[PDB]
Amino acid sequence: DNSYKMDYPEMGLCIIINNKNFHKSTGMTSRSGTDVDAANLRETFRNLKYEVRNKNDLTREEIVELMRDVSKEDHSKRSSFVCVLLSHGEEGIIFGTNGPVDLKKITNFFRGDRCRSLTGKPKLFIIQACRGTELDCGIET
């Protein structure tokens, strides 16, 4: 009643975009350790019964194309949708291997009115990336 229906035939897709190496133009150092994360995610969502699809070092163009095609799939038999983004970033922006791409442009493909098969279904986006250059020095307890 107060919970999303999670008993469809399939739990849903889990798209993991793992960007480790960035073009020198971007000027971003390799994201060492991200492979460990991607593998950890794969195994974690596999146990949660998700159809995991991993992708590596995608350009901004490829990220958008991938998301576009995924939103166009028929999710009628899927309970939900999960997308994990591992890469460099800024506020409201995620980086492709060759450059940045607005997070909004990616999520719009899944809007309740642009992806009818997922309307009313939980769309989860896990973002591991910077959202600026502020440093939290914290406070002692």
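Don't overthink the numbering: it's just position in the shown sequence, from 1. Rigid core: the largest C-alpha set superposing within 1.5 Å between the two forms.
Farther from the shown form on average, by C-alpha root mean square after a core fit in 7 other deposited structures of this protein, is 22-30, of the stretches 22-30 and 62-70. Higher average CA B factor: 17-25, of the stretches 17-25 and 116-124. The stretch 69-77 shows the higher mean C-alpha B-factor when 32-40 is compared against 69-77 in the entry. Of the residues listed, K104, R53, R46, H88, the entry assigns the biggest Cα temperature factor to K104. Ranked against the other modelled residues of its chain, the C-alpha B-factor of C83 as given in the entry falls in the lowest third.
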